[PDB]
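Undergrad: My questions all concern the structure below.
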């Protein structure tokens with residue numbers, strides 16, 4: 251009779267995948283991670 | 251008689267995939283991750 | 251009769267993956283990690 | 251004047267994605283990965 | 251004048267993703283990884 | 251004039267991702283890793 255996150259629970263558990271494979275000179279950017287903030291995610295800025 | 255996230259639960263659990271493969275000079279950007287904020291996601295800015 | 255994060259729990263447990271493979275001169279950036287802050291994520295700035 | 255995998259190169263770099271989301275009792279199987287061998291891919295056997 | 255894997259190179263660099271999200275009793279299997287061998291991939295056997 | 255794995259090189263560098271998120275009783279299996287051998291990949295056997 252268990253209660254797995256019932257009621258008013260905010261259950262957020264997804265799978266987020268980011269993959270970039272490359273053969274050659276790589277100067278750009280590959281951006282992943284959750285980044286839950288304003289202007290989040292490391293970049294150039 | 252279990253309750254898997256019943257009631258008023260906000261159950262959000264999807265699979266989000268981002269893939270970029272490339273042969274050659276890569277200078278652009280591949281953008282993944284959840285990025286749940288204003289101007290979220292690392293970029294150039 | 252256990253209660254796994256029921257009630258008003260904020261249960262956030264996803265899988266976030268960032269992968270970048272590359273053959274050659276790599277000068278750009280690959281950005282992962284959670285980065286839960288303003289301008290979060292190490293970059294160039 | 252670069253040569254990105256020219257000549258007799260076997261250049262194989264695709265993006266293969268497998269996603270299965272489900273709400274409820276999950277007893278079956280979701281099968282991904284490359285599995286480049288005879289009877290490859292973990293299963294029941 | 252660089253040679254990124256030219257000639258008779260076997261250049262194999264793809265992105266293979268396997269994702270399975272589930273709400274509830276999970277008894278089955280989610281199978282990923284490369285598994286480059288006979289009967290490869292962990293299963294039940 | 252660099253030679254990044256040219257000639258008869260076997261260049262194998264992909265990104266293989268396996269993700270399984272689950273809310274509830276988890277008794278099954280999630281199978282990842284490369285597992286480059288016969289009957290490879292930890293399972294039940």
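Residue numbers (PDB author numbering), protein chains in the order written: chain E, 251 to 295; chain D, 251 to 295; chain F, 251 to 295; chain A, 251 to 295; chain B, 251 to 295; chain C, 251 to 295. For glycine and all other residues, C-beta sits at the position ideal for the given N, C-alpha and C.
(1) DSSP on residue 294 (chain C), reduced to helix/strand/coil?
(2) Using 10 angstroms around the beta-carbon of residue 292 (chain C), count the other beta-carbons present and answer buried if the total reaches 16, otherwise exposed.
(3) Would you mind telling me which residues of chain A sit closer than 8 Å to residue 273 (chain D), beta carbon to beta carbon, in chain order?
(4) DSSP three-state label for residue 279 (chain D), please.
(5) Take the Cβ of residue 294 (chain C) as the centre, count every other Cβ of all protein chains shown within 10 Å, and call the residue buried at 16 or more, exposed below.
(6) Using a Cβ-Cβ cutoff of 9 Å, what residues of the segment 276–294 of chain C are near chain F? List them in chain order.
(7) In or out: residue 271 (chain F) buried (at least 16 other Cβ within 10 Å) or exposed?
(8) Quick check on the burial criterion: 16 or more other C-beta atoms within 10 angstroms. Buried or exposed for residue 264 (chain A)?
(9) Examine chain G for any beta-carbon lying closer than 8 Å to the beta-carbon of residue 287 (chain F), and answer yes or no.
(10) Which stretch, first to last residue, makes up the beta strand (DSSP E) that contains residue 270 (chain A)?
(11) To the nearest whole angstrom, what separates the beta carbons of residue 281 (chain B) and residue 274 (chain A), a pair I think is in contact under 8 Å?
TA: According to the data block:
(1) coil
(2) exposed
(3) 254, 255, 261 and 263
(4) strand
(5) exposed
(6) none
(7) buried
(8) exposed
(9) Absent here is chain G; the protein component of the structure consists of chains E, D, F, A, B and C.
(10) 265–273
(11) The Cβ separation is near 20 Å, so there is no contact.
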